[PDB]
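S.K.: Got a structure here, written out as structure tokens. Questions coming.
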Amino acid sequence: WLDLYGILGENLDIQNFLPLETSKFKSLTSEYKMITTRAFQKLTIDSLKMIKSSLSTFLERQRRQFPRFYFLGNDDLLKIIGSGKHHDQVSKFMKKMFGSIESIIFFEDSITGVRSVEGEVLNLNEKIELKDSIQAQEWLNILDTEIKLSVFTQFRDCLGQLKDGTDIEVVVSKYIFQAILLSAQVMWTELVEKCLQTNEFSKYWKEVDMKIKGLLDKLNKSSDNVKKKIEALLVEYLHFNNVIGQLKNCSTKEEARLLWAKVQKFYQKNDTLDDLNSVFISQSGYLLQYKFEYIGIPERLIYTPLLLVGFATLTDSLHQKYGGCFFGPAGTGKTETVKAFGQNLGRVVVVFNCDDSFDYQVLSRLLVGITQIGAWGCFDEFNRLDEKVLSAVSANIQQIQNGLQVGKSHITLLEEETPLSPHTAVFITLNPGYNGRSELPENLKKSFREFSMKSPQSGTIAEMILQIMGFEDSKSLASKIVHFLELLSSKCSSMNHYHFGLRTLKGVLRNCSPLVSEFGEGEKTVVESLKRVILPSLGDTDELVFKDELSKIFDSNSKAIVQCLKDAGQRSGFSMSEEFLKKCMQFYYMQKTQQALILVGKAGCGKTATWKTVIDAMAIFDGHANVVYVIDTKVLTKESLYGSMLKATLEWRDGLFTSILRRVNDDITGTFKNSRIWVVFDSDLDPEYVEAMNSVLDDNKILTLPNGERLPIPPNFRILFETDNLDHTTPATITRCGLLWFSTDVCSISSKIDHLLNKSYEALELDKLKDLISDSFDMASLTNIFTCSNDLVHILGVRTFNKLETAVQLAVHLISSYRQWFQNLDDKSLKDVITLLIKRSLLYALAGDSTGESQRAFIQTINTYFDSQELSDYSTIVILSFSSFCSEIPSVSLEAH
Amino acid sequence: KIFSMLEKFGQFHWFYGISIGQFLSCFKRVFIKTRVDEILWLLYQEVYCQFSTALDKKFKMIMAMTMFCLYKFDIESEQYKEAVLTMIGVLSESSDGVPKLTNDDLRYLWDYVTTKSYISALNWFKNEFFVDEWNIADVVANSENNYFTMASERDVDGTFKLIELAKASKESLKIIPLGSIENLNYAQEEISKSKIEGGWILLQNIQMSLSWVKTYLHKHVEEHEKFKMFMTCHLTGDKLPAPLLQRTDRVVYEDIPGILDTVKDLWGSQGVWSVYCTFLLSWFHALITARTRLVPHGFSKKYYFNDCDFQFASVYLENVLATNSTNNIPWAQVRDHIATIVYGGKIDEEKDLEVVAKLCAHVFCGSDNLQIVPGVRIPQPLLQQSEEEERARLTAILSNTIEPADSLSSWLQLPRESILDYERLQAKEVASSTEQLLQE
Ligand SMILES: Nc1ncnc2c1ncn2[C@@H]1O[C@H](COP(=O)(O)OP(=O)(O)OP(=O)(O)O)[C@@H](O)[C@H]1O
Ligand SMILES: Nc1ncnc2c1ncn2[C@@H]1O[C@H](COP(=O)(O)OP(=O)(O)O)[C@@H](O)[C@H]1O
Ligand SMILES: [Mg+2]
């Protein structure tokens with residue numbers, strides 16, 4: 001109702017666009033006003049959903065007005081257009097429409113500035129005045145322009161200060177990161193060019209070195225905003241130092257010029273009066289224009305040689321308005337290379353996780369969304385699209401490239417003419433040679449430039465990042481880390497899920513970053529992080545290999561969490577064994593930093609028990625409430641898991657996972673503010689089901705819906721995978737997830753028996769009966785019986801570890817049923833009856849799936865393995881005495897008919 | 001006999017089936033373009049020229065060799081036929097023996113095969129007997145049919161050749177890829193529009209909308225002179241309908257197997273220094289495309305190098321030469337860029353990166369006198385000539401270049417033994433096919 005009154009019932013000169021829709025809105029308004037008056041003193045929702053059908057063209061024209069509305073749902077579009085005077089529903093969509101902006105700072109009906117995702121504040125040059133009569137798109141457009149103008153103004157001020165000769169340590173505390181970055185890089189390239197005019201490079205090397213040392217010294221006493229800003233400036237300044245050191249080590253002038261041409265150089269025009277197009281980025285002769293979009297303080301990438309060559313080939317592709325293509329294995333830095341290239345070019349890259357459900361209409365709608373905006377599109381996992389869709393959208397991509405090259409103003413896609421912004425570009429990142437993936441046709445691959453990045457430089461990444469935390473020894477430690485990972489990859493059993501590329505090293509670094517608070521900056525921290533990341537994903541003998549190699553190449557309290565897990569296991573009835581508590585420690589320490597975890601083991605090995613009791617321990621430890629949404633993945637269709645677009649009227653119907661994500665994103669009642677949300681996919685890991693979550697699992701933390709919606713993943717939103725094998729699971733899914741491997745069962749036979757007995761008793765005098773039943777389960781004879789059970793022939797082969805469910809449940813239920821006649825007999829008779837009943841239950845639970853001769857053999861062995869009442873092949877209890885089935889046969893005299 | 005051979009090829013692969021309408025149109029074209037033997041000779045040449053383009057390279061040489069065999073067995077004597085059989089046998093490693101001495105052509109082929117030049121022996125029949133060849137342009141120009149289909153292996157496309165043909169004939173294309181309902185509807189509307197006032201239409205990946213292809217395209221081909229229809233299909237894809245295929249001309253686009261022929265093609269597809277750099281780039285692309293077909297020793301895998309790489313490297317060369325007017329052109333920069341960015345993005349193995357870097361070091365050394373191949377040497381441009389004289393000089397130095405019979409090893413600077421293995425396997429397969437074909 002509020003959305004409808006905002007779009008039509010309140011705005012003036014807006015009801016004449018669709019007079020029939022205006023009349024329908026008036027009739028619905030009268031009906032709903034009568035209903036509201038009756039309530040204050042079903043059919044309405046159906047009528048509203050019916051009248052949204054004519055609103056589709058209205059919403060499409062509204063999206064044409066402000067092109068960034070394409071990244072919003074129809075419900076969110078209704079909310080933002082209906083925000084006539086509240087001016088707060090519009091701020092919640094900044095992250096969806098921009099990516100790097102969280103909310104808008106408002107001050108007495110005026111806009112002061114915008115705030116980034118990381119907490120950075122960008123203050124506008126002039127405050128924007130909002131009136132009551134203005135609608136959203138005009139002041140969103142002027143805010144979009146004002147953000148770019150403010151970013152350029154801060155860049156110009158910082159660059160003037162740097163030209164004035166002041167140190168960067170006093171300007172980092174005054175401006176946003178992007179201004180500091182661009183001004184510092186312009187000064188760096190000017191000073192390096194001036195040094196290249198001569199043969200002298202050592203003086204600037206010393207200058208940059210002591211600048212880096214001063215920045216590292218001032219890092220430890222700065223606020224978190226200044227911490228992130230300084231860390232990104234150390235990334236760029238270490239790139240500067242590496243380039244200057246390489247130039248100094250160069251023997252001749254020509255190779256120095258070649259090395260200088262191989263690297264980015266950001267210049268600035270001094271004659272053009274257009275402020276936003278005054279900065280151009282040079283590489284290998286080509287020139288690319290800055291856009292001055294707000295970037296924020298991202299997690300900057302270390303400038304490896306592979307990253308520089310990738311930037312060079314992306315510039316070479318975009319100089320001719322072609323596409324960017326990155327092919328290789330998983331965890332190599334393709335999407336991150338694209339995003340870092342975009343952040344270097346001063347614009348947020350919009351990433352799309354392509355899927356088989358993305359038909360021609362969906363992909364073309366996303367194309368007209370991003371060409372109208374002018375944003376950069378990273379079509380992540382472009383193999384996953386069907387081959388028919390890949391062929392069909394080739395014409396659209398060719399038209400986009402032709403319009404960009406020839407400078408056309410409009411492009412005709414999806415039977416509608418829309419304007420073409422000249423700042424757009426297309427990037428694809430795909431993983432060739434995986435099972436269950438389509439192959440790109442050559443007519444489409446000729447529109448992209450592919451660049452192989454199979455082998456990243458992990459040593460440089462580790463060395464520079466560990467230097468950024470400030471480790472005293474960084475080169476030797478990084479070399480030891482990389483050698484350890486290589487020899488661990490070479491000296492382990494070659495199973496399908498052992499992957500030790502860049503992703504596990506980076507997870508080691510993310511685990512070592514908050515671990516120095518308890519271990520200190522040193523080798524103990526990195527070996528603890530290596531254990532916490534890598535050990536849970538290894539088997540039994542590979543664990544010994546890991547320990548031996550760790551002792552070879554490296555030299556070397558948590559009582560509260562263990563107490564909480566012990567309490568949780570006591571409440572749940574589990575037994576805190578060594579292996580079970582070890583798996584609990586591994587899961588807890590791995591989930592402390594990693595969001596998506598895959599639990600792998602045999603059937604009934606202890607996955608659900610492990611994560612349920614760790615969740616209980618976390619809830620009782622931190623005090624935070626917790627919700628769990630277990631979704632059986634393969635039971636539901638993909639269209640029922642994510643959602644399907646109804647082709648009858650082009651509306652979006654939310655799937656289950658998307659519905660849960662939207663419910664946790666909106667947070668209407670405020671109850672999801674301080675809670676952890678676990679979504680458990682308790683089924684097989686189908687690649688077609690879990691590679692649609694590729695952008696969800698990695699550091700993007702975003703779900704790219706077919707209808708253009710971009711739902712962010714909250715930090716307290718963790719995904720659990722519970723499967724049995726990883727036979728068909730691709731390495732793209734394995735590397736993104738902190739894996740927990742269950743090599744053996746976490747529970748002993750006696751512990752499982754005790755847990756089942758206690759759970760069955762809790763699910764129901766009682767004390768004496770429970771004691772007698774517990775004493776009757778003689779574990780010494782039970783283990784011999786279970787070992788002798790393994791020699792039978794079983795149909796529907798199930799391990800004997802999981803037949804205790806049937807045995808315990810049958811025994812407890814039959815004892816409870818026979819409890820009626822248990823008050824008028826001696827203790828020995830009761831003991832014999834209970835022993836016989838448990839013998840029968842064990843027989844029909846263990847050998848019940850065997851033949852008659854095998855069941856006779858098993859009843860003989862259970863008789864000889866247990867004075868006790870002997871159970872025969874036809875033993876039974878009548879209404880409480882022992883008898884046989886011979887005397888229980890009734891006489892039958894069938895009629896002819 | 002030729003008709004039975006053609007249906008045997010149609011039995012081999014579903015794309016090579018031959019109808020009677022096309023063959024009778026060829027027979028009419030023979031007269032359109034000792035007298036009965038001359039009519040037979042023109043028949044042989046015209047049928048070879050028409051139906052070579054419908055086959056890939058191995059079937060091209062197979063059909064050329066068996067057709068020359070049929071013609072010469074009709075014309076010549078029995079001893080010549082026995083010599084040809086035993087020479088194919090030693091080519092097929094089935095019968096070993098020197099052919100009987102008699103004219104002169106047999107001596108040339110004996111010298112070709114005794115020098116372990118199998119590719120030269122296979123292509124010598126094309127060199128001697130058939131004196132004409134047809135590309136896509138000649139097929140489209142000399143066809144009375146209104147509909148065309150084009151087949152090529154995966155990871156290679158000839159859409160750019162059709163675009164160049166359209167630009168050469170001053171026509172207009174409308175690229176309509178298939179695979180979705182909207183594309184099919186727009187295809188139907190454009191088909192009606194360009195049937196009622198002309199214009200070219202090209203359909204991409206028609207093996208991906210097979211139901212629509214079996215219904216609408218079949219019923220439309222079954223039932224303006226300035227209108228044409230082009231279709232793109234894959235040789236390793238699904239089976240296109242026989243009634244649809246026999247009613248449309250079939251062209252198989254594959255990369256030119258030669259080296260000097262590839263240089264001539266890339267040179268004909270086009271200051272003085274831009275011309276020189278374009279010449280060097282065309283030579284480099286031809287050499288690397290000749291090298292990439294030797295799977296185990298030429299590269300570590302199978303890589304494709306299409307017109308996009310040549311275009312991007314040419315644009316980079318023009319950008320470097322325009323932005324560096326001081327004439328101290330950074331050849332190290334150009335070498336690193338071409339070996340690392342343009343042609344090296346597809347390359348995933350480090351040994352192949354090393355060999356492409358070595359090739360770029362050989363072709364872009366920036367010396368005054370460069371021996372790019374062991375036979376041909378190119379000088380650097382002078383400072384008193386123009387674009388036209390430079391183009392004439394480079395075309396003249398291409399015309400005077402003669403490719404030797406050992407160009408698969410010496411020109412690529414590779415050991416002979418791998419070339420022997422590859423050429424021997426290829427010739428053995430071709431000769432086994434023609435021995436299974438010729439006896440029946
Ligand atoms: N430490 C333990 N103490 C007591 N019982 C345990 C323990 N670990 C596991 N169990 C028991 O093991 C049985 C099967 O284990 P669980 O429920 O964890 O299976 P799962 O890993 O979810 O299996 P699936 O492959 O079906 O998903 C349960 O009945 C549970 O009570
Ligand atoms: N300098 C860097 N270069 C490449 N990757 C990096 C760098 N620094 C960190 N990383 C990590 O490497 C991973 C790159 O993932 P990526 O390979 O781009 O995904 P995809 O395989 O989908 O392209 C990220 O998780 C990121 O944390
Ligand atoms: Mg990716």
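To be explicit about the labels: the chains of the structure tokens are called A, B, and onward in the order shown, and within each one the residues are counted from 1, while ligands get numbers from 1 in the order they are shown.
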Return as a ChimeraX atom specification every polymer residue, whether protein, DNA or RNA, with at least one atom no more than 7 Å from an atom of ligand 1; count only C-alpha atoms and all ligand atoms.
M.R.: /A:573-577,580,602-610,682,722-724,746-747,751-752,755-756,802,805
S.K.: If you count only C-alpha atoms and all ligand atoms, which residues end up within 6 Å of ligand 3, as a PDB file with N, CA and C atoms, in the first residue's frame?
M.R.:
```
ATOM      1  N   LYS A 334      41.833 -14.618 -11.310  1.00  0.00           N
ATOM      2  CA  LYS A 334      41.265 -14.099 -12.550  1.00  0.00           C
ATOM      3  C   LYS A 334      40.255 -12.991 -12.269  1.00  0.00           C
ATOM      4  N   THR A 335      39.224 -13.308 -11.483  1.00  0.00           N
ATOM      5  CA  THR A 335      38.229 -12.309 -11.108  1.00  0.00           C
ATOM      6  C   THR A 335      38.850 -11.200 -10.270  1.00  0.00           C
ATOM      7  N   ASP A 380      31.601 -13.776 -14.493  1.00  0.00           N
ATOM      8  CA  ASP A 380      32.310 -14.847 -13.809  1.00  0.00           C
ATOM      9  C   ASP A 380      31.692 -16.196 -14.144  1.00  0.00           C
ATOM     10  N   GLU A 381      32.559 -17.182 -14.390  1.00  0.00           N
ATOM     11  CA  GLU A 381      32.171 -18.553 -14.720  1.00  0.00           C
ATOM     12  C   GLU A 381      31.272 -18.583 -15.957  1.00  0.00           C
ATOM     13  N   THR A 429      35.468 -14.543 -17.108  1.00  0.00           N
ATOM     14  CA  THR A 429      36.440 -15.432 -16.486  1.00  0.00           C
ATOM     15  C   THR A 429      35.844 -16.831 -16.454  1.00  0.00           C
TER      16      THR A 429
END
```
S.K.: Could you list, as a ChimeraX atom specification, all residues that come within 7 Å of ligand 2? Count only C-alpha atoms and all ligand atoms.
M.R.: /A:301-304,307,329-337,380-381,429,461,502-503,506,698-699,732
S.K.: Write the selection just made, keeping N, CA and C atoms, as a compact mmCIF listing (two decimals), in the first residue's frame?
M.R.:
```
# COMPACT_ATOMS: atom_id res chain seq x y z
N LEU A 301 45.39 -5.87 -4.38
CA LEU A 301 46.16 -7.03 -4.80
C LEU A 301 47.64 -6.69 -4.90
N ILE A 302 48.47 -7.65 -4.50
CA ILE A 302 49.92 -7.51 -4.62
C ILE A 302 50.31 -7.61 -6.09
N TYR A 303 51.18 -6.71 -6.53
CA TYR A 303 51.49 -6.56 -7.95
C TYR A 303 52.54 -7.59 -8.35
N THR A 304 52.10 -8.82 -8.57
CA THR A 304 52.92 -9.89 -9.11
C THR A 304 53.16 -9.65 -10.60
N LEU A 307 50.10 -10.54 -12.51
CA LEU A 307 49.08 -9.50 -12.43
C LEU A 307 49.37 -8.37 -13.41
N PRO A 329 42.92 -22.74 -14.10
CA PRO A 329 42.34 -23.51 -12.99
C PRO A 329 41.75 -22.63 -11.91
N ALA A 330 41.26 -23.24 -10.83
CA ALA A 330 40.61 -22.50 -9.77
C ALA A 330 41.64 -21.88 -8.82
N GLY A 331 41.26 -20.75 -8.23
CA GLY A 331 42.09 -20.07 -7.26
C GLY A 331 43.40 -19.53 -7.81
N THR A 332 43.34 -18.85 -8.96
CA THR A 332 44.53 -18.30 -9.58
C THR A 332 44.55 -16.78 -9.68
N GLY A 333 43.44 -16.11 -9.39
CA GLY A 333 43.42 -14.66 -9.47
C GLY A 333 42.97 -14.12 -10.81
N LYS A 334 41.83 -14.62 -11.31
CA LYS A 334 41.27 -14.10 -12.55
C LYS A 334 40.25 -12.99 -12.27
N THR A 335 39.22 -13.31 -11.48
CA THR A 335 38.23 -12.31 -11.11
C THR A 335 38.85 -11.20 -10.27
N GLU A 336 39.80 -11.55 -9.40
CA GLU A 336 40.48 -10.52 -8.62
C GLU A 336 41.37 -9.65 -9.50
N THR A 337 41.98 -10.23 -10.54
CA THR A 337 42.72 -9.41 -11.49
C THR A 337 41.79 -8.43 -12.20
N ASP A 380 31.60 -13.78 -14.49
CA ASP A 380 32.31 -14.85 -13.81
C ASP A 380 31.69 -16.20 -14.14
N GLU A 381 32.56 -17.18 -14.39
CA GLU A 381 32.17 -18.55 -14.72
C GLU A 381 31.27 -18.58 -15.96
N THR A 429 35.47 -14.54 -17.11
CA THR A 429 36.44 -15.43 -16.49
C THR A 429 35.84 -16.83 -16.45
N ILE A 461 53.44 -12.86 -3.25
CA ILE A 461 52.22 -12.51 -2.52
C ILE A 461 52.43 -12.72 -1.02
N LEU A 502 46.62 -21.06 -4.57
CA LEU A 502 46.74 -19.75 -3.92
C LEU A 502 45.69 -19.55 -2.83
N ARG A 503 44.53 -20.19 -2.96
CA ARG A 503 43.42 -19.94 -2.04
C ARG A 503 43.75 -20.40 -0.62
N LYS A 506 46.19 -18.00 0.94
CA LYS A 506 45.54 -16.76 1.34
C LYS A 506 44.68 -16.98 2.58
N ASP A 698 33.17 -17.12 -2.56
CA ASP A 698 34.47 -16.45 -2.52
C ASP A 698 34.33 -15.08 -1.85
N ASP A 699 35.37 -14.26 -1.98
CA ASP A 699 35.43 -12.96 -1.33
C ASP A 699 34.52 -11.91 -1.96
N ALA A 732 36.73 -25.84 -8.20
CA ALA A 732 36.25 -24.48 -8.00
C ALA A 732 35.41 -24.37 -6.73
```
S.K.: Would you give me, as JSON lines, each residue of chain A having an atom within 10 Å of an atom of chain B, along with its shortest atom pair and that distance in Å to one decimal, using only C-alpha atoms and sorting by chain and residue number?
M.R.:
```
{"residue": "A:254", "atom": "CA", "partner": "B:330", "partner_atom": "CA", "distance": 7.4}
{"residue": "A:255", "atom": "CA", "partner": "B:332", "partner_atom": "CA", "distance": 7.3}
{"residue": "A:257", "atom": "CA", "partner": "B:333", "partner_atom": "CA", "distance": 8.4}
{"residue": "A:258", "atom": "CA", "partner": "B:333", "partner_atom": "CA", "distance": 5.1}
{"residue": "A:259", "atom": "CA", "partner": "B:333", "partner_atom": "CA", "distance": 8.2}
{"residue": "A:260", "atom": "CA", "partner": "B:333", "partner_atom": "CA", "distance": 9.8}
{"residue": "A:261", "atom": "CA", "partner": "B:333", "partner_atom": "CA", "distance": 7.4}
{"residue": "A:262", "atom": "CA", "partner": "B:333", "partner_atom": "CA", "distance": 7.9}
{"residue": "A:284", "atom": "CA", "partner": "B:337", "partner_atom": "CA", "distance": 8.1}
{"residue": "A:285", "atom": "CA", "partner": "B:320", "partner_atom": "CA", "distance": 6.5}
{"residue": "A:286", "atom": "CA", "partner": "B:319", "partner_atom": "CA", "distance": 7.7}
{"residue": "A:309", "atom": "CA", "partner": "B:341", "partner_atom": "CA", "distance": 7.1}
{"residue": "A:310", "atom": "CA", "partner": "B:341", "partner_atom": "CA", "distance": 8.3}
{"residue": "A:311", "atom": "CA", "partner": "B:341", "partner_atom": "CA", "distance": 9.9}
{"residue": "A:312", "atom": "CA", "partner": "B:341", "partner_atom": "CA", "distance": 7.2}
{"residue": "A:313", "atom": "CA", "partner": "B:341", "partner_atom": "CA", "distance": 5.5}
{"residue": "A:314", "atom": "CA", "partner": "B:341", "partner_atom": "CA", "distance": 9.3}
{"residue": "A:316", "atom": "CA", "partner": "B:312", "partner_atom": "CA", "distance": 8.0}
{"residue": "A:317", "atom": "CA", "partner": "B:312", "partner_atom": "CA", "distance": 8.3}
{"residue": "A:319", "atom": "CA", "partner": "B:315", "partner_atom": "CA", "distance": 9.6}
{"residue": "A:320", "atom": "CA", "partner": "B:312", "partner_atom": "CA", "distance": 8.4}
{"residue": "A:325", "atom": "CA", "partner": "B:345", "partner_atom": "CA", "distance": 9.3}
{"residue": "A:326", "atom": "CA", "partner": "B:345", "partner_atom": "CA", "distance": 8.8}
{"residue": "A:327", "atom": "CA", "partner": "B:346", "partner_atom": "CA", "distance": 8.6}
{"residue": "A:328", "atom": "CA", "partner": "B:348", "partner_atom": "CA", "distance": 8.2}
{"residue": "A:359", "atom": "CA", "partner": "B:180", "partner_atom": "CA", "distance": 8.1}
{"residue": "A:360", "atom": "CA", "partner": "B:180", "partner_atom": "CA", "distance": 6.6}
{"residue": "A:361", "atom": "CA", "partner": "B:182", "partner_atom": "CA", "distance": 8.5}
{"residue": "A:386", "atom": "CA", "partner": "B:179", "partner_atom": "CA", "distance": 9.6}
{"residue": "A:387", "atom": "CA", "partner": "B:208", "partner_atom": "CA", "distance": 8.1}
{"residue": "A:388", "atom": "CA", "partner": "B:179", "partner_atom": "CA", "distance": 4.4}
{"residue": "A:389", "atom": "CA", "partner": "B:179", "partner_atom": "CA", "distance": 6.3}
{"residue": "A:390", "atom": "CA", "partner": "B:179", "partner_atom": "CA", "distance": 8.4}
{"residue": "A:391", "atom": "CA", "partner": "B:177", "partner_atom": "CA", "distance": 6.1}
{"residue": "A:392", "atom": "CA", "partner": "B:177", "partner_atom": "CA", "distance": 5.3}
{"residue": "A:393", "atom": "CA", "partner": "B:177", "partner_atom": "CA", "distance": 8.0}
{"residue": "A:394", "atom": "CA", "partner": "B:177", "partner_atom": "CA", "distance": 7.2}
{"residue": "A:395", "atom": "CA", "partner": "B:177", "partner_atom": "CA", "distance": 6.6}
{"residue": "A:396", "atom": "CA", "partner": "B:177", "partner_atom": "CA", "distance": 9.8}
{"residue": "A:398", "atom": "CA", "partner": "B:175", "partner_atom": "CA", "distance": 9.6}
{"residue": "A:414", "atom": "CA", "partner": "B:182", "partner_atom": "CA", "distance": 8.4}
{"residue": "A:415", "atom": "CA", "partner": "B:182", "partner_atom": "CA", "distance": 9.4}
{"residue": "A:439", "atom": "CA", "partner": "B:155", "partner_atom": "CA", "distance": 9.6}
{"residue": "A:440", "atom": "CA", "partner": "B:155", "partner_atom": "CA", "distance": 8.6}
{"residue": "A:441", "atom": "CA", "partner": "B:155", "partner_atom": "CA", "distance": 6.9}
{"residue": "A:442", "atom": "CA", "partner": "B:155", "partner_atom": "CA", "distance": 5.1}
{"residue": "A:443", "atom": "CA", "partner": "B:157", "partner_atom": "CA", "distance": 6.3}
{"residue": "A:444", "atom": "CA", "partner": "B:157", "partner_atom": "CA", "distance": 9.8}
{"residue": "A:445", "atom": "CA", "partner": "B:155", "partner_atom": "CA", "distance": 8.4}
{"residue": "A:446", "atom": "CA", "partner": "B:308", "partner_atom": "CA", "distance": 6.7}
{"residue": "A:447", "atom": "CA", "partner": "B:308", "partner_atom": "CA", "distance": 8.5}
{"residue": "A:448", "atom": "CA", "partner": "B:308", "partner_atom": "CA", "distance": 9.3}
{"residue": "A:449", "atom": "CA", "partner": "B:345", "partner_atom": "CA", "distance": 7.5}
{"residue": "A:450", "atom": "CA", "partner": "B:345", "partner_atom": "CA", "distance": 5.6}
{"residue": "A:451", "atom": "CA", "partner": "B:345", "partner_atom": "CA", "distance": 3.8}
{"residue": "A:452", "atom": "CA", "partner": "B:348", "partner_atom": "CA", "distance": 5.4}
{"residue": "A:453", "atom": "CA", "partner": "B:348", "partner_atom": "CA", "distance": 7.4}
{"residue": "A:454", "atom": "CA", "partner": "B:348", "partner_atom": "CA", "distance": 6.7}
{"residue": "A:455", "atom": "CA", "partner": "B:348", "partner_atom": "CA", "distance": 9.1}
```
S.K.: Would you mind listing what lies within 10 Å of stretch 835-838 of chain A as a ChimeraX atom specification, with only C-alpha atoms counted and same-chain residues fewer than 3 positions away left out?
M.R.: /A:772-773,776-777,807-808,810-812,814-815,829-832,841-844,863,866,868-872,875-877,882
S.K.: Run DSSP on the backbone and give me the residues of stretch 28-100 of chain B it puts in helix (DSSP H, G or I), as a VMD selection string.
M.R.: chain B and resid 28 to 32 36 to 52 57 to 75 78 to 92
S.K.: With a distance cut-off of 6 Å and only C-alpha atoms, select the neighbouring residues of stretch 353-360 of chain B, excluding the residue or stretch itself and same-chain residues fewer than 4 positions from it, and output the selection as an MDAnalysis selection string.
M.R.: chainID B and resid 335 339 364
S.K.: Taking the chain letters and numbering used in this document, name the residues of stretch 105-324 of chain B that DSSP puts in strand (DSSP E), as a ChimeraX atom specification.
M.R.: /B:147-152,175-177,199-204,227-234,249-252
S.K.: Please provide as a ChimeraX atom specification all residues within 7 Å of residue A:508, with the sequence filter that same-chain residues fewer than 5 positions apart are discarded (counting only C-alpha atoms).
M.R.: /A:529-530,533
S.K.: Between B:377, B:293, B:81, B:170, which one has atoms that come closest to residue B:280, using only C-alpha atoms?
M.R.: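 Selected residue with least distance to residue B:280: B:377.
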S.K.: Write out as a ChimeraX atom specification each polymer residue whose atoms come within 6 Å of stretch 627-640 of chain A, counting only C-alpha atoms; drop sequence neighbours fewer than 5 positions from it.
M.R.: /A:655,677-683
S.K.: Which residues are near residue B:373? Cut-off 10 Å, only C-alpha atoms, ignore same chain within fewer than 2 positions. Put them as a PyMOL selection string.
M.R.: chain B and resi 283+287+362-363+370-371+375-378+401+403+407+410-413
S.K.: Can you write just those residues out, C-alpha atoms, as a PDB file, in the first residue's frame?
M.R.:
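Dumped to selection38.pdb:
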```
ATOM      1  CA  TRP B 283      55.484 -14.080 -41.634  1.00  0.00           C
ATOM      2  CA  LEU B 287      55.272 -19.704 -39.226  1.00  0.00           C
ATOM      3  CA  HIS B 362      63.983 -14.631 -34.551  1.00  0.00           C
ATOM      4  CA  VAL B 363      61.364 -12.652 -36.488  1.00  0.00           C
ATOM      5  CA  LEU B 370      67.377 -10.758 -41.335  1.00  0.00           C
ATOM      6  CA  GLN B 371      67.299 -14.341 -42.619  1.00  0.00           C
ATOM      7  CA  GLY B 375      66.110 -19.241 -48.237  1.00  0.00           C
ATOM      8  CA  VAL B 376      64.657 -15.724 -48.078  1.00  0.00           C
ATOM      9  CA  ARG B 377      66.306 -12.628 -46.607  1.00  0.00           C
ATOM     10  CA  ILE B 378      64.521  -9.296 -46.160  1.00  0.00           C
ATOM     11  CA  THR B 401      60.593 -17.206 -52.706  1.00  0.00           C
ATOM     12  CA  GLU B 403      59.138 -23.246 -50.745  1.00  0.00           C
ATOM     13  CA  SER B 407      59.868 -26.756 -45.272  1.00  0.00           C
ATOM     14  CA  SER B 410      64.044 -26.520 -41.820  1.00  0.00           C
ATOM     15  CA  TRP B 411      61.785 -23.450 -41.845  1.00  0.00           C
ATOM     16  CA  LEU B 412      60.452 -24.142 -38.340  1.00  0.00           C
ATOM     17  CA  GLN B 413      63.964 -25.132 -37.114  1.00  0.00           C
TER      18      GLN B 413
END
```
S.K.: Kindly indicate which residue among B:132, B:126, B:143, B:163 lies nearest to residue B:29, using only C-alpha atoms for the distances.
M.R.: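 Among the listed residues, B:143 lies closest to residue B:29.
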S.K.: For atom CA of residue A:245 and atom CA of residue A:265, quote the distance in Å rounded to one decimal.
M.R.: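 One can read the atom CA of residue A:245 to atom CA of residue A:265 distance as 16.5 Å.
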S.K.: Of the residues B:215, B:433, B:152, B:269, which is the one nearest to residue B:251, using only C-alpha atoms?
M.R.: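 Residue with the minimum atom-to-atom distance to residue B:251: B:152.
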